[PDB]
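Source file: target_7.cif (mmCIF, C-alpha atoms and all ligand atoms)
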data_target
loop_
_atom_site.label_atom_id
_atom_site.label_comp_id
_atom_site.auth_asym_id
_atom_site.auth_seq_id
_atom_site.Cartn_x
_atom_site.Cartn_y
_atom_site.Cartn_z
CA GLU G 22 200.81 149.37 145.85
CA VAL G 23 198.33 148.15 143.23
CA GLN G 24 197.24 151.28 141.41
CA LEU G 25 195.56 152.10 138.10
CA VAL G 26 195.73 155.57 136.54
CA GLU G 27 193.89 156.64 133.39
CA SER G 28 194.71 159.50 131.07
CA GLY G 29 193.77 161.06 127.76
CA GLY G 30 190.26 162.35 128.36
CA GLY G 31 188.98 165.81 127.61
CA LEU G 32 186.97 167.72 125.06
CA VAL G 33 186.50 166.07 121.67
CA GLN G 34 184.45 167.06 118.66
CA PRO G 35 181.71 164.71 117.38
CA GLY G 36 182.85 162.14 114.85
CA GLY G 37 186.50 162.20 115.93
CA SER G 38 188.81 159.62 117.47
CA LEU G 39 190.50 159.61 120.85
CA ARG G 40 192.88 157.37 122.80
CA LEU G 41 192.96 156.54 126.51
CA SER G 42 195.62 155.06 128.77
CA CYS G 43 195.50 152.77 131.82
CA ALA G 44 199.04 153.01 133.21
CA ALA G 45 199.42 150.39 135.93
CA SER G 46 201.59 150.33 139.05
CA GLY G 47 202.50 147.46 141.34
CA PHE G 48 201.74 144.69 138.84
CA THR G 49 201.91 143.74 135.17
CA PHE G 50 199.40 142.56 132.56
CA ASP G 51 201.11 139.23 131.86
CA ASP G 52 198.84 137.28 134.23
CA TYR G 53 195.77 139.49 134.75
CA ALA G 54 192.63 140.29 132.78
CA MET G 55 192.03 144.02 132.47
CA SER G 56 188.76 145.68 131.51
CA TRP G 57 187.37 149.02 130.40
CA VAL G 58 184.08 150.21 131.95
CA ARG G 59 182.02 153.29 131.02
CA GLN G 60 179.94 155.38 133.47
CA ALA G 61 177.32 157.63 131.90
CA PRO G 62 176.10 160.68 133.88
CA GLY G 63 172.54 159.37 134.05
CA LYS G 64 173.12 155.62 133.87
CA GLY G 65 175.09 152.90 135.62
CA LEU G 66 178.39 151.26 134.80
CA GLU G 67 178.54 149.97 131.23
CA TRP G 68 181.17 147.38 130.40
CA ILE G 69 183.21 148.31 127.34
CA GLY G 70 185.66 145.48 126.92
CA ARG G 71 188.29 143.13 128.23
CA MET G 72 191.90 142.23 127.44
CA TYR G 73 193.16 138.83 128.57
CA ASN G 74 196.79 137.91 129.24
CA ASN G 75 197.24 136.07 125.93
CA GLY G 76 196.15 139.20 124.06
CA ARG G 77 192.64 138.27 123.00
CA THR G 78 189.95 140.94 123.20
CA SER G 79 186.26 140.81 123.98
CA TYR G 80 183.96 143.75 123.42
CA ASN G 81 180.50 145.02 124.16
CA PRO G 82 178.45 143.80 121.15
CA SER G 83 176.57 147.13 120.96
CA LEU G 84 179.94 148.91 121.00
CA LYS G 85 182.28 146.63 119.03
CA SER G 86 182.40 148.72 115.85
CA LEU G 87 183.99 151.81 117.43
CA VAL G 88 186.37 150.69 120.22
CA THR G 89 189.79 149.06 120.19
CA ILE G 90 191.70 147.67 123.17
CA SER G 91 195.46 147.21 122.85
CA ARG G 92 198.33 146.63 125.25
CA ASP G 93 201.87 147.89 125.64
CA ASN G 94 203.53 145.46 128.06
CA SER G 95 206.84 147.33 127.76
CA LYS G 96 205.33 150.26 129.67
CA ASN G 97 202.38 148.30 131.20
CA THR G 98 199.74 150.54 129.66
CA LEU G 99 196.36 149.46 128.34
CA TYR G 100 195.09 151.64 125.50
CA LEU G 101 191.50 152.34 124.46
CA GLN G 102 191.00 153.75 120.96
CA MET G 103 187.57 155.22 120.32
CA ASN G 104 186.38 156.20 116.86
CA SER G 105 183.34 158.36 115.96
CA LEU G 106 182.46 159.72 119.39
CA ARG G 107 178.82 160.80 119.53
CA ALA G 108 176.74 162.56 122.19
CA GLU G 109 176.06 159.47 124.34
CA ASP G 110 179.80 158.81 124.73
CA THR G 111 180.08 161.84 127.03
CA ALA G 112 181.00 159.77 130.06
CA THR G 113 183.63 158.90 132.66
CA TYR G 114 185.81 155.96 131.63
CA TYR G 115 187.17 153.65 134.31
CA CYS G 116 189.81 150.98 133.86
CA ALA G 117 189.60 148.09 136.29
CA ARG G 118 191.15 144.67 136.79
CA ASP G 119 189.05 141.54 136.59
CA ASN G 120 189.11 139.25 139.62
CA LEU G 121 189.35 135.73 138.22
CA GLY G 122 190.76 134.62 141.59
CA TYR G 123 189.23 134.62 145.06
CA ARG G 124 186.11 136.70 145.66
CA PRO G 125 185.39 137.34 149.37
CA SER G 126 181.68 137.92 148.70
CA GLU G 127 179.20 138.48 145.88
CA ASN G 128 180.43 141.31 143.67
CA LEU G 129 178.20 142.99 141.09
CA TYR G 130 181.17 143.85 138.87
CA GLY G 131 183.89 141.30 139.68
CA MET G 132 186.61 143.96 139.90
CA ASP G 133 189.34 143.74 142.52
CA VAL G 134 191.01 147.10 141.76
CA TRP G 135 189.61 150.15 139.97
CA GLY G 136 191.08 153.21 138.33
CA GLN G 137 190.15 156.77 139.19
CA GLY G 138 188.78 157.18 135.66
CA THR G 139 188.95 160.05 133.18
CA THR G 140 186.19 162.24 131.79
CA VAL G 141 185.47 162.43 128.05
CA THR G 142 182.98 165.02 126.81
CA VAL G 143 181.58 165.24 123.27
CA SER G 144 179.86 168.52 122.38
CA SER G 145 180.11 171.54 120.08
CA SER G 146 182.90 173.25 122.03
CA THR V 333 208.07 91.88 117.83
CA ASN V 334 207.66 95.52 116.81
CA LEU V 335 208.53 98.08 119.47
CA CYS V 336 205.90 100.38 120.92
CA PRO V 337 206.17 104.02 119.75
CA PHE V 338 207.08 105.55 123.10
CA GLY V 339 209.44 107.90 121.28
CA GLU V 340 206.48 109.33 119.39
CA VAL V 341 204.79 110.16 122.71
CA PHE V 342 207.55 111.40 125.02
CA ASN V 343 209.75 113.04 122.37
CA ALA V 344 206.94 114.78 120.48
CA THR V 345 207.67 118.37 119.49
CA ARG V 346 204.19 119.63 120.40
CA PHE V 347 202.11 118.70 123.42
CA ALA V 348 198.44 119.43 123.95
CA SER V 349 196.86 121.76 126.47
CA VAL V 350 195.41 120.19 129.59
CA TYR V 351 191.79 121.05 128.71
CA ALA V 352 192.28 119.40 125.30
CA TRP V 353 194.62 116.62 126.46
CA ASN V 354 195.73 114.24 123.73
CA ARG V 355 195.07 110.51 124.08
CA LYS V 356 197.07 108.02 122.02
CA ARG V 357 196.29 104.30 121.84
CA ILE V 358 199.31 102.02 122.24
CA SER V 359 198.42 98.60 120.86
CA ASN V 360 199.91 95.49 119.22
CA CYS V 361 203.58 96.06 120.03
CA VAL V 362 206.24 95.05 122.54
CA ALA V 363 206.76 97.69 125.23
CA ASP V 364 210.08 98.14 127.05
CA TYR V 365 209.35 100.18 130.17
CA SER V 366 212.88 99.64 131.50
CA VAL V 367 214.14 102.53 129.36
CA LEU V 368 211.55 104.86 130.92
CA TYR V 369 212.05 104.07 134.60
CA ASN V 370 215.84 104.02 134.36
CA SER V 371 215.87 107.29 132.41
CA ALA V 372 216.89 110.27 134.54
CA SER V 373 214.88 112.73 132.43
CA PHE V 374 211.62 112.22 134.33
CA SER V 375 211.33 114.13 137.59
CA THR V 376 208.00 112.51 138.54
CA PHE V 377 207.34 108.80 137.95
CA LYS V 378 204.46 107.60 140.14
CA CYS V 379 202.77 104.28 139.42
CA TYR V 380 199.42 103.25 140.87
CA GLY V 381 198.19 99.67 141.07
CA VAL V 382 201.42 98.26 139.61
CA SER V 383 205.05 98.30 140.63
CA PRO V 384 207.30 100.13 138.14
CA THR V 385 209.85 97.29 138.07
CA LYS V 386 207.14 94.72 137.30
CA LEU V 387 206.07 96.47 134.08
CA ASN V 388 208.30 94.33 131.89
CA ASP V 389 206.78 91.15 133.32
CA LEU V 390 203.11 91.90 132.57
CA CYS V 391 201.04 91.95 129.40
CA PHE V 392 198.52 94.78 129.14
CA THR V 393 195.39 95.43 127.13
CA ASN V 394 193.95 98.86 126.25
CA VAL V 395 197.11 100.89 126.84
CA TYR V 396 196.55 104.62 126.58
CA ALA V 397 198.94 107.57 126.81
CA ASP V 398 197.45 110.95 127.72
CA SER V 399 199.78 113.88 127.13
CA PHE V 400 199.45 117.52 128.13
CA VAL V 401 201.38 120.47 129.61
CA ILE V 402 200.66 121.88 133.07
CA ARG V 403 202.55 124.23 135.33
CA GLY V 404 205.08 123.11 137.90
CA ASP V 405 203.29 122.91 141.24
CA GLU V 406 200.15 121.34 139.75
CA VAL V 407 201.82 118.00 138.92
CA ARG V 408 200.62 116.87 142.35
CA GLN V 409 197.05 117.09 141.03
CA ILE V 410 197.68 114.34 138.44
CA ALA V 411 196.86 111.57 140.93
CA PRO V 412 193.67 109.77 142.05
CA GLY V 413 191.55 111.68 144.52
CA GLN V 414 193.12 115.11 144.06
CA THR V 415 191.29 118.44 144.09
CA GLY V 416 191.90 121.74 142.33
CA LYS V 417 191.52 123.33 138.93
CA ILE V 418 193.33 120.68 136.87
CA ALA V 419 191.78 117.72 138.66
CA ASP V 420 188.23 119.06 138.67
CA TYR V 421 187.97 121.08 135.45
CA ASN V 422 190.68 119.78 133.12
CA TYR V 423 191.87 116.21 133.72
CA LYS V 424 190.37 113.84 136.30
CA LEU V 425 191.82 110.46 137.24
CA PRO V 426 189.51 107.81 138.71
CA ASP V 427 189.90 106.48 142.23
CA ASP V 428 190.50 102.97 140.86
CA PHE V 429 193.17 104.19 138.44
CA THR V 430 195.95 101.80 137.45
CA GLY V 431 198.84 103.07 135.39
CA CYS V 432 201.79 105.40 135.66
CA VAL V 433 201.99 109.20 135.83
CA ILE V 434 205.20 110.52 134.28
CA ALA V 435 206.13 114.18 134.30
CA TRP V 436 209.21 116.20 133.53
CA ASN V 437 210.28 119.81 133.30
CA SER V 438 210.13 121.40 129.85
CA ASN V 439 211.14 124.97 130.58
CA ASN V 440 213.70 124.97 127.77
CA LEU V 441 211.07 123.87 125.21
CA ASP V 442 207.73 125.39 126.26
CA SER V 443 208.83 128.83 127.48
CA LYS V 444 209.38 131.91 125.34
CA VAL V 445 211.05 135.10 126.62
CA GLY V 446 207.97 137.19 125.83
CA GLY V 447 205.67 134.53 127.26
CA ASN V 448 204.29 131.36 125.67
CA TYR V 449 200.49 131.48 125.48
CA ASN V 450 199.78 128.34 123.43
CA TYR V 451 198.97 126.26 126.53
CA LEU V 452 195.57 126.88 128.11
CA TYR V 453 193.65 125.51 131.07
CA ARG V 454 189.94 125.61 131.89
CA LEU V 455 189.73 128.00 134.82
CA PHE V 456 185.93 127.94 135.13
CA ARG V 457 183.36 125.17 134.77
CA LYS V 458 179.85 124.66 136.11
CA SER V 459 180.56 121.17 137.47
CA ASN V 460 183.38 118.75 138.15
CA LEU V 461 184.50 116.45 135.36
CA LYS V 462 183.93 112.73 135.39
CA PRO V 463 187.17 110.70 135.16
CA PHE V 464 188.80 110.57 131.71
CA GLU V 465 186.33 113.12 130.32
CA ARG V 466 187.49 115.84 127.93
CA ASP V 467 185.77 119.24 127.82
CA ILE V 468 186.75 121.41 124.86
CA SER V 469 183.71 123.69 124.95
CA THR V 470 184.44 127.43 124.91
CA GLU V 471 181.03 128.59 126.11
CA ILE V 472 181.12 131.89 128.01
CA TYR V 473 181.07 131.19 131.74
CA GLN V 474 178.66 132.88 134.16
CA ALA V 475 180.44 133.80 137.39
CA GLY V 476 177.67 136.03 138.74
CA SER V 477 173.92 136.44 139.14
CA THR V 478 173.32 138.08 135.76
CA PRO V 479 173.11 135.62 132.83
CA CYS V 480 175.59 136.11 130.01
CA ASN V 481 173.67 134.75 126.98
CA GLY V 482 176.96 133.82 125.34
CA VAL V 483 178.34 137.37 125.57
CA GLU V 484 181.04 138.47 127.99
CA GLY V 485 180.46 141.33 130.38
CA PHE V 486 180.39 141.85 134.13
CA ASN V 487 181.08 138.45 135.76
CA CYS V 488 181.05 136.77 132.34
CA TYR V 489 184.38 135.31 131.27
CA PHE V 490 186.01 133.13 128.69
CA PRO V 491 186.54 129.83 130.55
CA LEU V 492 190.05 129.13 129.20
CA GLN V 493 193.02 131.04 130.60
CA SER V 494 196.46 130.57 129.09
CA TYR V 495 199.53 129.94 131.18
CA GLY V 496 202.12 132.65 130.93
CA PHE V 497 205.23 130.55 130.36
CA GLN V 498 208.44 132.56 130.68
CA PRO V 499 211.95 131.25 131.47
CA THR V 500 212.39 133.78 134.29
CA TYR V 501 209.61 132.25 136.40
CA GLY V 502 210.68 129.94 139.18
CA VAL V 503 209.98 126.25 139.55
CA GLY V 504 206.27 125.83 140.15
CA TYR V 505 205.34 128.22 137.36
CA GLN V 506 207.51 126.40 134.84
CA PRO V 507 206.01 124.09 132.19
CA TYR V 508 205.88 120.37 132.90
CA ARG V 509 205.09 117.81 130.22
CA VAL V 510 202.85 115.13 131.73
CA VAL V 511 202.27 111.72 130.13
CA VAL V 512 199.79 109.41 131.86
CA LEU V 513 199.83 105.73 130.97
CA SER V 514 196.73 103.64 131.61
CA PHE V 515 196.46 99.85 131.48
CA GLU V 516 194.01 97.02 132.03
CA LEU V 517 195.62 94.20 134.00
CA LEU V 518 195.21 90.67 132.62
CA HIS V 519 191.52 90.30 131.79
CA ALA V 520 191.29 90.39 127.97
CA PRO V 521 193.55 89.05 125.19
CA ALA V 522 196.51 91.37 125.51
CA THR V 523 198.25 93.12 122.63
CA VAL V 524 200.96 95.00 124.56
CA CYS V 525 203.57 92.88 126.31
CA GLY V 526 206.94 93.36 127.92
CA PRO V 527 209.96 91.52 126.51
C1 LIG A 601 214.19 111.36 123.56
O1 LIG A 601 215.45 111.94 123.13
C2 LIG A 601 216.55 111.70 124.02
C3 LIG A 601 217.71 112.50 123.50
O2 LIG A 601 218.95 112.01 124.00
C4 LIG A 601 216.82 110.20 124.07
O3 LIG A 601 217.91 109.95 124.95
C5 LIG A 601 215.58 109.47 124.55
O4 LIG A 601 215.80 108.06 124.49
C6 LIG A 601 214.35 109.83 123.70
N1 LIG A 601 213.15 109.23 124.28
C7 LIG A 601 212.72 108.00 123.97
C8 LIG A 601 211.47 107.56 124.67
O5 LIG A 601 213.32 107.29 123.18
#
As structure tokens:
Amino acid sequence: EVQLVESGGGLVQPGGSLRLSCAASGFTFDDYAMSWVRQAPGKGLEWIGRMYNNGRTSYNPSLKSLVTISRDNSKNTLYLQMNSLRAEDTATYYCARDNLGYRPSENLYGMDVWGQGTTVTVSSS
Amino acid sequence: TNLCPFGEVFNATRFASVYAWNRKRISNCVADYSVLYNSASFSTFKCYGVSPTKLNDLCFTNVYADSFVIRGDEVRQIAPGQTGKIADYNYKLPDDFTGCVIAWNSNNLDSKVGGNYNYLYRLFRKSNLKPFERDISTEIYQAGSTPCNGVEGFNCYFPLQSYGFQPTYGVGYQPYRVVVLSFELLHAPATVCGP
């Protein structure tokens, strides 16, 4: 069963750093492109970044200075390292696999499998 | 009298990717194709427009050797009139192609246990290639309705995907070194001749 699970979210003070995980089941990252997507409470899905199979990263150009995407193929986890979380980063972070293969119809996002996503909140307490 | 440098082509340590396939001009030398056809190293040896045993008896002009690395089951696309990702986006042969397509397994050379990512193929392109046309552009592809403006995002991808070459993968996902020879048959003063 192809399944993505994310972990690491929770409360975080402003200006801190926090890591996320995208532990995968049923497949590996050696031949798939895997992406991080952000969902704000009042806005739509915002694409954070993408890891390819060869290890190259692409980022959101309005978000490049404070995110980092790294793999661990030994445990098939994708990591997302934020730095300096501010008030507009209070959002639900999904991890989803890019569909570079067959698309049965027009997809707005191009994602064949999604994760359940984890909630990160930045506030005073 | 000087021999053609076929050893510099087939026994090269590094081969190009299929999107950036290397082309070498073979000219002004004597070519012995009997050591290629009788060699048991080549799994695929398909000649078009010329018999392989008649190669020593002809003199050729404009001899070109195109070398790249593709995966195992895609060797069938290096032929005239084929369709798929290699034929349409990476390396297209013309319908009137004359020459020889030589391919052999290189799993012991081009596979690393962690995965060899130095060989890449153009997964996405807006249009089919013309024959013998090389596309090395790395412009960000638009796979959806929303334009990319050179920045990846939703349905916006890097057009080159690398093969994951591991020794554990079966035949079909294993690296194959492909050398394509192209000739012109007896119309100009010829510089490459058989013995
Ligand atoms: C490449 O090396 C092998 C090693 O035995 C040799 O037999 C072969 O002749 C070489 N290829 C050419 C084209 O000379």
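Excluding residue 27 of chain G itself and same-chain residues fewer than 2 positions from it, the residues having an atom within 8 Å of it are residues 25, 29, 41, 42, 43, 44, 115, 116, 136, 137, 138 and 139 of chain G, counting only C-alpha atoms.
Among the candidate residues V:375, V:388, V:430, V:343, the one lying nearest to residue 514 of chain V is V:430, with distances computed using all atoms listed in the file.
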Listed atoms of ligand LIG 601 (chain A), axis-aligned box, 5 Å per side: centre and edge lengths to one decimal in Å, as JSON?
{"center_x": 215.2, "center_y": 109.9, "center_z": 124.0, "size_x": 17.5, "size_y": 15.2, "size_z": 11.8}
Distance limit 8 Å, reference ligand LIG 601 (chain A), atoms considered: all atoms listed in the file. Which residues make the cut? Give them as a ChimeraX atom specification. /V:338-343,367-368,371
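Residue nearest residue 427 of chain V within the list V:472, V:354, V:439, V:380: V:380 [criterion: smallest interatomic distance, only C-alpha atoms].
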What are the nearest atom pairs, with distances in Å to one decimal, for all residues of chain V that come at most 12 Å from chain G, using only C-alpha atoms, set out by chain and rising residue number as a tab-separated table?
residue	atom	partner	partner_atom	distance
V:417	CA	G:122	CA	11.6
V:445	CA	G:51	CA	12.0
V:446	CA	G:51	CA	9.4
V:447	CA	G:51	CA	8.0
V:448	CA	G:75	CA	8.5
V:449	CA	G:75	CA	5.6
V:450	CA	G:75	CA	8.5
V:451	CA	G:75	CA	10.0
V:452	CA	G:75	CA	9.6
V:454	CA	G:121	CA	12.0
V:455	CA	G:121	CA	8.5
V:456	CA	G:121	CA	9.1
V:472	CA	G:79	CA	11.1
V:473	CA	G:121	CA	11.5
V:474	CA	G:131	CA	11.3
V:475	CA	G:131	CA	8.6
V:476	CA	G:129	CA	7.4
V:477	CA	G:129	CA	8.1
V:478	CA	G:129	CA	8.7
V:480	CA	G:81	CA	11.7
V:481	CA	G:82	CA	11.8
V:482	CA	G:82	CA	10.9
V:483	CA	G:82	CA	7.8
V:484	CA	G:79	CA	7.0
V:485	CA	G:68	CA	6.1
V:486	CA	G:130	CA	5.2
V:487	CA	G:131	CA	5.6
V:488	CA	G:131	CA	9.1
V:489	CA	G:121	CA	8.6
V:490	CA	G:79	CA	9.0
V:491	CA	G:121	CA	10.1
V:492	CA	G:73	CA	10.2
V:493	CA	G:74	CA	8.0
V:494	CA	G:75	CA	6.4
V:495	CA	G:52	CA	8.0
V:496	CA	G:52	CA	6.6
V:497	CA	G:51	CA	9.7
V:498	CA	G:51	CA	10.0
V:501	CA	G:51	CA	11.9
V:505	CA	G:52	CA	11.6
Would you export the selected residues with C-alpha atoms as a PDB file, in the coordinates of the input, please?
ATOM      1  CA  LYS V 417     191.520 123.330 138.930  1.00  0.00           C
ATOM      2  CA  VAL V 445     211.050 135.100 126.620  1.00  0.00           C
ATOM      3  CA  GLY V 446     207.970 137.190 125.830  1.00  0.00           C
ATOM      4  CA  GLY V 447     205.670 134.530 127.260  1.00  0.00           C
ATOM      5  CA  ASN V 448     204.290 131.360 125.670  1.00  0.00           C
ATOM      6  CA  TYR V 449     200.490 131.480 125.480  1.00  0.00           C
ATOM      7  CA  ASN V 450     199.780 128.340 123.430  1.00  0.00           C
ATOM      8  CA  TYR V 451     198.970 126.260 126.530  1.00  0.00           C
ATOM      9  CA  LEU V 452     195.570 126.880 128.110  1.00  0.00           C
ATOM     10  CA  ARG V 454     189.940 125.610 131.890  1.00  0.00           C
ATOM     11  CA  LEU V 455     189.730 128.000 134.820  1.00  0.00           C
ATOM     12  CA  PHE V 456     185.930 127.940 135.130  1.00  0.00           C
ATOM     13  CA  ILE V 472     181.120 131.890 128.010  1.00  0.00           C
ATOM     14  CA  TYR V 473     181.070 131.190 131.740  1.00  0.00           C
ATOM     15  CA  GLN V 474     178.660 132.880 134.160  1.00  0.00           C
ATOM     16  CA  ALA V 475     180.440 133.800 137.390  1.00  0.00           C
ATOM     17  CA  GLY V 476     177.670 136.030 138.740  1.00  0.00           C
ATOM     18  CA  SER V 477     173.920 136.440 139.140  1.00  0.00           C
ATOM     19  CA  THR V 478     173.320 138.080 135.760  1.00  0.00           C
ATOM     20  CA  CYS V 480     175.590 136.110 130.010  1.00  0.00           C
ATOM     21  CA  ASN V 481     173.670 134.750 126.980  1.00  0.00           C
ATOM     22  CA  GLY V 482     176.960 133.820 125.340  1.00  0.00           C
ATOM     23  CA  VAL V 483     178.340 137.370 125.570  1.00  0.00           C
ATOM     24  CA  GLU V 484     181.040 138.470 127.990  1.00  0.00           C
ATOM     25  CA  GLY V 485     180.460 141.330 130.380  1.00  0.00           C
ATOM     26  CA  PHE V 486     180.390 141.850 134.130  1.00  0.00           C
ATOM     27  CA  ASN V 487     181.080 138.450 135.760  1.00  0.00           C
ATOM     28  CA  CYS V 488     181.050 136.770 132.340  1.00  0.00           C
ATOM     29  CA  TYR V 489     184.380 135.310 131.270  1.00  0.00           C
ATOM     30  CA  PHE V 490     186.010 133.130 128.690  1.00  0.00           C
ATOM     31  CA  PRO V 491     186.540 129.830 130.550  1.00  0.00           C
ATOM     32  CA  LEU V 492     190.050 129.130 129.200  1.00  0.00           C
ATOM     33  CA  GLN V 493     193.020 131.040 130.600  1.00  0.00           C
ATOM     34  CA  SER V 494     196.460 130.570 129.090  1.00  0.00           C
ATOM     35  CA  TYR V 495     199.530 129.940 131.180  1.00  0.00           C
ATOM     36  CA  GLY V 496     202.120 132.650 130.930  1.00  0.00           C
ATOM     37  CA  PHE V 497     205.230 130.550 130.360  1.00  0.00           C
ATOM     38  CA  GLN V 498     208.440 132.560 130.680  1.00  0.00           C
ATOM     39  CA  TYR V 501     209.610 132.250 136.400  1.00  0.00           C
ATOM     40  CA  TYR V 505     205.340 128.220 137.360  1.00  0.00           C
TER      41      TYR V 505
END
In Å, how far is it from atom CA of residue 392 of chain V to atom CA of residue 523 of chain V? 6.7 Å
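Atom CA of residue 89 of chain G sits 22.3 Å away from atom CA of residue 46 of chain G.
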Have a look at G:140, G:63, G:146, G:28 and name the one nearest to residue 113 of chain G; count all atoms listed in the file.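 Checking each of G:140, G:63, G:146, G:28 against residue 113 of chain G, counting all atoms listed in the file, the winner is G:140.
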Nearest to residue 87 of chain G: which of G:36, G:47, G:62, G:30 is it, counting all atoms listed in the file? G:36
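With all atoms listed in the file as the atoms that count, the residue of G:83, G:60, G:34, G:126 with the shortest distance to residue 143 of chain G is G:34.
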What does the structure give for the distance between atom CA of residue 336 of chain V and atom CA of residue 422 of chain V, in Å to one decimal? 27.5 Å
Can you complete the atoms of segment 354-370 of chain V to N, CA and C atoms and list them as a PDB file, in the frame of the given file?
ATOM      1  N   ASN V 354     195.702 115.238 124.792  1.00  0.00           N
ATOM      2  CA  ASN V 354     195.730 114.240 123.730  1.00  0.00           C
ATOM      3  C   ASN V 354     195.798 112.837 124.299  1.00  0.00           C
ATOM      4  N   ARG V 355     195.058 111.916 123.687  1.00  0.00           N
ATOM      5  CA  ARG V 355     195.070 110.510 124.080  1.00  0.00           C
ATOM      6  C   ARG V 355     195.500 109.670 122.894  1.00  0.00           C
ATOM      7  N   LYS V 356     196.549 108.876 123.073  1.00  0.00           N
ATOM      8  CA  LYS V 356     197.070 108.020 122.020  1.00  0.00           C
ATOM      9  C   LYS V 356     196.951 106.567 122.458  1.00  0.00           C
ATOM     10  N   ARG V 357     196.439 105.724 121.569  1.00  0.00           N
ATOM     11  CA  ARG V 357     196.290 104.300 121.840  1.00  0.00           C
ATOM     12  C   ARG V 357     197.578 103.578 121.486  1.00  0.00           C
ATOM     13  N   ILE V 358     198.151 102.875 122.456  1.00  0.00           N
ATOM     14  CA  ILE V 358     199.310 102.020 122.240  1.00  0.00           C
ATOM     15  C   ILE V 358     198.786 100.591 122.162  1.00  0.00           C
ATOM     16  N   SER V 359     198.968  99.935 121.020  1.00  0.00           N
ATOM     17  CA  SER V 359     198.420  98.600 120.860  1.00  0.00           C
ATOM     18  C   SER V 359     199.218  97.814 119.834  1.00  0.00           C
ATOM     19  N   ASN V 360     199.321  96.506 120.089  1.00  0.00           N
ATOM     20  CA  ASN V 360     199.910  95.490 119.220  1.00  0.00           C
ATOM     21  C   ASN V 360     201.374  95.858 118.952  1.00  0.00           C
ATOM     22  N   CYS V 361     202.143  95.795 120.038  1.00  0.00           N
ATOM     23  CA  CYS V 361     203.580  96.060 120.030  1.00  0.00           C
ATOM     24  C   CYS V 361     204.171  95.561 121.341  1.00  0.00           C
ATOM     25  N   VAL V 362     205.490  95.406 121.340  1.00  0.00           N
ATOM     26  CA  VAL V 362     206.240  95.050 122.540  1.00  0.00           C
ATOM     27  C   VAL V 362     206.723  96.334 123.201  1.00  0.00           C
ATOM     28  N   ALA V 363     206.462  96.471 124.495  1.00  0.00           N
ATOM     29  CA  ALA V 363     206.760  97.690 125.230  1.00  0.00           C
ATOM     30  C   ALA V 363     207.881  97.433 126.224  1.00  0.00           C
ATOM     31  N   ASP V 364     208.943  98.220 126.134  1.00  0.00           N
ATOM     32  CA  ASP V 364     210.080  98.140 127.050  1.00  0.00           C
ATOM     33  C   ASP V 364     209.996  99.339 127.989  1.00  0.00           C
ATOM     34  N   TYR V 365     209.451  99.123 129.183  1.00  0.00           N
ATOM     35  CA  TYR V 365     209.350 100.180 130.170  1.00  0.00           C
ATOM     36  C   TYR V 365     210.616 100.337 131.002  1.00  0.00           C
ATOM     37  N   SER V 366     211.624  99.495 130.778  1.00  0.00           N
ATOM     38  CA  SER V 366     212.880  99.640 131.500  1.00  0.00           C
ATOM     39  C   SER V 366     213.669 100.856 131.050  1.00  0.00           C
ATOM     40  N   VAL V 367     213.456 101.327 129.820  1.00  0.00           N
ATOM     41  CA  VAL V 367     214.140 102.530 129.360  1.00  0.00           C
ATOM     42  C   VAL V 367     213.448 103.804 129.811  1.00  0.00           C
ATOM     43  N   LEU V 368     212.243 103.702 130.366  1.00  0.00           N
ATOM     44  CA  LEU V 368     211.550 104.860 130.920  1.00  0.00           C
ATOM     45  C   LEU V 368     211.856 105.050 132.394  1.00  0.00           C
ATOM     46  N   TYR V 369     211.800 103.969 133.171  1.00  0.00           N
ATOM     47  CA  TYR V 369     212.050 104.070 134.600  1.00  0.00           C
ATOM     48  C   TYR V 369     213.513 104.351 134.905  1.00  0.00           C
ATOM     49  N   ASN V 370     214.426 103.784 134.121  1.00  0.00           N
ATOM     50  CA  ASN V 370     215.840 104.020 134.360  1.00  0.00           C
ATOM     51  C   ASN V 370     216.330 105.322 133.735  1.00  0.00           C
TER      52      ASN V 370
END
